[PDB]
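Colleague: Got a structure here, written out as structure tokens. Questions coming.
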Amino acid sequence: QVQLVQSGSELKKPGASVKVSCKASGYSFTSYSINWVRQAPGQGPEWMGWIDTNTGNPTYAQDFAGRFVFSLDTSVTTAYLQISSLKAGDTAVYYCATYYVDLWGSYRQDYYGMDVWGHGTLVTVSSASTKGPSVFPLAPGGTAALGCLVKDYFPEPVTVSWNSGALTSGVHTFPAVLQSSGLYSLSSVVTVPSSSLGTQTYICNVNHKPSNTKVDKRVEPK
Amino acid sequence: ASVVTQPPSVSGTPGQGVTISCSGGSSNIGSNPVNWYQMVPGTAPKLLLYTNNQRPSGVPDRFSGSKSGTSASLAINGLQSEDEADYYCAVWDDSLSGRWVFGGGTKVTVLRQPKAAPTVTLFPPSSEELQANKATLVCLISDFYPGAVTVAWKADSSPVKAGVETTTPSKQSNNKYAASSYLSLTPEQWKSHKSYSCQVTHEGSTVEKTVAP
């Protein structure tokens with residue numbers, strides 16, 4: 001059974017370099033090439049190239065030729081990917097891939113080694129360090151919505167309640183966005199009758215453990 | 001966008017059949033064999049079909065593939081719950097410099113409740129933030145199903161792109177989805193326009209919310 005074990009998630013500053021690993025097992029490592037593919041947020045995967053595990057010669061897709069380096073340590077049947085001068089656009093999941101060797105004769109060193117993929121290694125290019133969120137109010147008959155914008159914190163998670171936990175009906179706390187800074191921001195919102203806007207008290211309670219941050223923020227219209 | 005074109009979202013009730021188009025060009029789909037991949041969270045990407053229509057050991061025969069002219073297709077006949085996933089077509093392209101190219105992905109949902117367009121709420125920046133010499137527009141998107149949306153912003157009547165950050169859709173407690181989009185401005189840019197608009201497209205239909213200073 002062909003197996004590819006990839007190294008753990010990485011957080012690196014822009015301008016830095018990173019080296020990720022792909023440990024292969026279950027087959028003859030030097031008889032079958034390794035292919036590399038990444039997928040950035042939102043986008044479809046992008047093929048980066050392959051490396052001949054016999055000769056060691058790498059071939060790079062046009063768009064990855066330069067800052068990206070495929071290498072090997074055949075003695076531990078591991079393929080490596082190194083990226084230099086990391087950019088925001090390098091933030092992605094990086095996959096190694098090879099053949100269902102059973103279906104490709106005794107030896108194959110070409111770009112068709114795309115049958116079996118590792119679980120992927122997330123590389124996040126970030127200059128963020130531990131930081132508490134800034135909290136700002138969100139204000140706009148029928149129903150209306152008010153809330154709290156929990157802005158620029160790191161790392162996850164933040165917890166949010168309303169009126170000390172007493173208010174739960176119509177509360178929706180949204181999963182955080184990860185911006186290119188490496189900081190997170192999220193929003194939590196209470197849907198309420200419009201008449202309650204500015205006639206009733208709404209305080210959001212935001213706790214960010216890593217920074218020892220507790221913030222209570224009252225939210226009113228306008 | 002991607003080199004080969006896939007519908008973002010395809011759906012059916014269990015047992016129904018769906019197809020996923022993959023539209024390319026002469027230099028790719030038109031001349032080379034196509035692979036299909038299935039992406040499930042917590043699971044490595046999985047080869048579903050190779051050389052257009054060949055199933056690896058284990059892939060059920062309700063999955064079938066074909067290619068004609070410059071397009072390929074993935075058919076799933078008799079949708080089951082475990083088929084809910086993102087699907088990607090891929091092919092070698094001789095044109096660019098030689099590289100595999102991928103579609104942008106297709107989310108297949110096995111419908112368990114009626115399609116629901118999203119609720120969209122757009123918040124302007126607060127006085128507090130503007131006082132801090134910053135500005136964030138907040139576009140929140142909930143209760144949509146299937147869980148796929150695309151978000152476009154516009155300053156007055158012009159598209160912006162810059163300063164936009166959008167989350168992936170995430171499942172809610174009621175099995176519909178939520179997403180959010182943030183547009184970062186300067187206080188000046190906020191005041192120097194008549195309005196900003198957040199446009200959310202879901203299953204082909206766009207909903208627009210607008211705020212003004």
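Chains as they are written, first to last, in the authors' numbering: chain H, 1 to 140, 147 to 228; chain L, 1 to 213. All C-beta atoms, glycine included, are put in the ideal place defined by N, C-alpha and C.
1. Write down the C-beta distance between H/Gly8 and L/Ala44 rounded to the nearest angstrom, noting that I regard them as a contact closer than 8 angstroms.
2. If I'm right that H/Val123 touches H/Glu10 with Cβ under 8 angstroms, what's the distance once you round it to whole angstroms?
3. Roughly how far, in whole angstroms, is the beta-carbon of H/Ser28 from the beta-carbon of H/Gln6, given that I think they are within contact range, below 8 angstroms?
4. Please confirm whether H/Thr121 and H/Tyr94 have their CB atoms less than 8 angstroms apart.
5. Kindly list, in the order they appear in chain L, the residues whose Cβ is closer than 9 angstroms to that of H/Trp117.
6. Chain L beta carbons: is any one of them nearer than 8 angstroms to that of H/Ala61?
7. Where are the beta strand (DSSP E) runs, 3 residues long or more, that stay fully inside the region 34-65 of chain L, in chain order?
8. Just list the residues that DSSP pairs H/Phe64 with in beta bridges.
9. Within 8 angstroms of any Cβ in chain L, is that where the Cβ of H/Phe68 sits?
10. Could you give the distance in angstroms between the alpha-carbon of L/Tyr87 and the alpha-carbon of L/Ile76?
11. Whose C-alpha, out of L/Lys191, L/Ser205 and L/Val4, is nearest the C-alpha of L/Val91?
12. Between which two residues does the alpha helix (DSSP H) harbouring L/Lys191 extend?
13. Does L/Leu137 come out as helix, strand or coil in the three-state DSSP assignment?
14. Quick test of the definition: if touching needs 3 or more C-beta pairs under 8 angstroms, does the region 126-136 of chain H touch the region 69-83 of chain H?
15. In chain H, which residues lie less than 7 angstroms from L/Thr167 when you measure between Cβ atoms?
16. Apart from the five residues on each side of it in sequence, which residues of its chain come closer than 7 angstroms, Cβ to Cβ, to L/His193?
17. At what residue ranges does the region 119-175 of chain L contain a whole run of the alpha helix (DSSP H), taking only runs of 4 or more?
18. Could you tell me the boundaries of the beta strand (DSSP E) in which H/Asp158 lies?
19. Please list, in chain order, the chain L residues whose beta carbon lies closer than 8 angstroms to that of H/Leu138.
20. So L/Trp100 contacts chain H; which residues on that side make the cut at Cβ distance below 9 angstroms?
21. Can you tell me whether DSSP reads H/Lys13 as helix, strand or coil?
22. Who are H/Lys87's beta bridge partners in DSSP?
23. Taking the beta strand (DSSP E) that H/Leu103 falls in, what are its first and last residues?
24. Quick one: which chain H residues come within Cβ less than 7 angstroms of L/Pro56?
25. Show which residues of chain H have a CB atom less than 9 angstroms away from the CB atom of L/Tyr145.
26. Using the beta-carbon of each residue, which ones in chain H are nearer than 9 angstroms to L/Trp190?
27. Cβ of H/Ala40 versus every heavy atom of the ligand HEM: is any distance shorter than 7 angstroms?
28. Residue range of the beta strand (DSSP E) that H/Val135 falls in?
29. At the 8 angstroms Cβ level, is H/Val195 part of the contact set with chain L, yes or no?
30. Restricting to runs no shorter than 3 residues, where is the beta strand (DSSP E) found entirely within the region 70-112 of chain L?
31. Name the chain H residues that come within less than 7 angstroms of L/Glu129, Cβ to Cβ?
32. Going by the DSSP bridge assignment, what does H/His178 pair with across the sheet?
Modeller: Result, derived from the coordinates:
1. By 1-based counting over the first sequence, the position of residue 8 of chain H is 8. By 1-based counting over the second sequence, the position of residue 44 of chain L is 44. In fact, because the Cβ distance is near 15 angstroms, the residues do not count as touching under 8 angstroms.
2. For the purposes of this step, residue 123 of chain H is identified with residue 123 of the first sequence, where counting begins at 1. For the purposes of this step, residue 10 of chain H is identified with residue 10 of the first sequence, where counting begins at 1. About 5 angstroms; that satisfies the 8 angstroms criterion.
3. The residue you call residue 28 of chain H lines up with position 28 of the first sequence. The residue you call residue 6 of chain H lines up with position 6 of the first sequence. With a Cβ gap of about 20 angstroms, H/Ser28 and H/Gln6 do not count as contacting.
4. Taking the first residue of the first sequence as 1, we reach residue 121 of chain H at position 121. Taking the first residue of the first sequence as 1, we reach residue 94 of chain H at position 94. Against a cut-off of 8 angstroms, the Cβ pair of H/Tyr94 and H/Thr121 comes out as a contact.
5. Within the first sequence, the letter at position 117 stands for residue 117 of chain H. Going along chain L in sequence order, the residues near H/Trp117 (Cβ under 9 angstroms) are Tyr37, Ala44, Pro45, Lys46 and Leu47.
6. Numbered from its first residue, the first sequence carries residue 61 of chain H at position 61. Interface residue, yes.
7. 34-39 and 46-49
8. Working through the first sequence from its first residue, we reach residue 64 of chain H at position 64. None; H/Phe64 has no bridge partner.
9. On the first sequence, residue 68 of chain H is found 68 positions in, with the first residue counted as 1. So, not an interface residue.
10. Stepping through the second sequence from its first residue, residue 87 of chain L is reached at position 87. Stepping through the second sequence from its first residue, residue 76 of chain L is reached at position 76. If you take the alpha carbons of L/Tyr87 and L/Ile76, they lie about 11 angstroms apart.
11. In the second sequence, counting from the first residue as 1, residue 91 of chain L sits at position 91. Measuring from the Cα of L/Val91, the nearest candidate turns out to be L/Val4.
12. To locate residue 191 of chain L, count along the second sequence from 1; it is residue 191. Where L/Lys191 is concerned, the enclosing alpha helix (DSSP H) stretches over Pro187 to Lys191.
13. One-based indexing of the second sequence puts residue 137 of chain L at position 137. In this structure, L/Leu137 counts as strand in the three-state DSSP scheme.
14. no
15. Numbered from 1 along the second sequence, position 167 holds the residue referred to as residue 167 of chain L. Chain H residues near L/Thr167: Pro181 and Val183.
16. Walking along the second sequence from the start, residue 193 of chain L turns up at place 193. Result list for L/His193: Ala155 and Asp156, in chain order.
17. 127-131
18. By 1-based counting over the first sequence, the position of residue 158 of chain H is 152. Segment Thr149 to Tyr159, the beta strand (DSSP E) holding H/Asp158.
19. Taking the first sequence and counting its residues from 1, the one referred to as residue 138 of chain H is at position 138. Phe123, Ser126 and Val138, listed in chain order.
20. Position 100 of the second sequence, counting from 1, holds the residue named residue 100 of chain L. Going along chain H in sequence order, the residues near L/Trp100 (Cβ under 9 angstroms) are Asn35, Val37, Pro45, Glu46, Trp47, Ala61, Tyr111 and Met114.
21. Position 13 of the first sequence, counted from the start, is the residue given in the question as residue 13 of chain H. Reduced to three states, the DSSP call for H/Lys13 is coil.
22. Residue 87 of chain H sits at position 87 when you count from the first residue of the first sequence. Answer is none; H/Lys87 lacks a bridge partner.
23. Position 103 of the first sequence, counted from the first residue, corresponds to residue 103 of chain H. Note, H/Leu103: premise wrong, no beta strand (DSSP E); not H, not E.
24. One-based indexing of the second sequence puts residue 56 of chain L at position 56. Neighbours of L/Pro56 on chain H, chain order: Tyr100.
25. Walking along the second sequence from the start, residue 145 of chain L turns up at place 145. Near L/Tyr145 there are no residues of chain H at all, since even the closest Cβ is about 15 angstroms away, more than 9 angstroms.
26. Taking the first residue of the second sequence as position 1, residue 190 of chain L is located at position 190. Neighbours of L/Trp190 on chain H: none; closest Cβ ~14 angstroms, over 9 angstroms.
27. Ligands are entirely absent from the displayed structure, and the ligand HEM is therefore not among its contents.
28. Locating residue 135 of chain H in the first sequence gives position 135, counting from the first residue. It spans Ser134 to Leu138 - the beta strand (DSSP E) in which H/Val135 sits, taken as one unbroken run.
29. Here residue 195 of chain H is taken as the residue at index 189 of the first sequence, counted from 1. By this cut-off, H/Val195 is an interface position.
30. 71-77, 85-93, 99-102 and 106-110
31. By 1-based counting over the second sequence, the position of residue 129 of chain L is 129. Those are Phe136, listed as they occur along chain H.
32. Taking the first residue of the first sequence as position 1, residue 178 of chain H is located at position 172. H/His178 pairs with H/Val195.
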